[PDB]
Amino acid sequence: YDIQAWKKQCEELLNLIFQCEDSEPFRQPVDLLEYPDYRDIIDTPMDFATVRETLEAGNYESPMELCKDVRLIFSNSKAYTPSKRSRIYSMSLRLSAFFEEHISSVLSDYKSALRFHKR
């Protein structure tokens, strides 16, 4: 029932994600010199360094907010991909499955802790 435990759990999950080779295209903002039309398709860029910095600044109130930004990294990849078979997109799908598998308990524990707090 620790309402704050999600933050360190998210830090550790981000550390695992940065160790995954599949995260390399998503560690820093998409390079506009490499993909000049990126902002014509993507309205809100997102990347794992921005997520980590937001968490470390104390600018996430809950793990749901962190989860919304990580999911935005994946939806941007899906919206920008020219093919569902592209390399970078395929890496996003695996990393998404790994992230979803690990964030589930973080979200569950936080929501349960919060319900206990408001019981």
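Definition used throughout: the rigid core is the maximal C-alpha set that superposes within 1.5 Å between two forms. In this text, residue numbers run from 1 along the sequence as written.
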Note to self: Out of 47 to 55 and 34 to 42, which one drifts farther from the shown form in 8 other deposited structures of this protein in terms of CA positions, with the fit done on the rigid core?
What the structure shows: 34 to 42
Notebook entry, point to check: Say the other structures are aligned on the rigid core; which stretch then has the higher CA RMS in 8 other deposited structures of this protein, 58 to 66 or 74 to 82?
Noted result: 74 to 82
Next item on the list: Look over 25 to 33 and 48 to 56 in the entry and identify the one with the greater average Cα temperature factor.
Entry: 25 to 33
Next item on the list: Tell me which of 61 to 69 and 37 to 45 has the higher mean C-alpha B-factor in the deposited entry.
Entry: 37 to 45
Item checked: Relative C-alpha B-factor of residue 6, binned into the chain's lowest, middle or highest third -> lowest
Checklist line | Relative C-alpha B-factor of residue 107, binned into the chain's lowest, middle or highest third | finding: middle
Notebook entry, point to check: In terms of the CA temperature factor given in the entry, to which third of its chain does residue 14 belong: lowest, middle or highest?
Noted result: middle
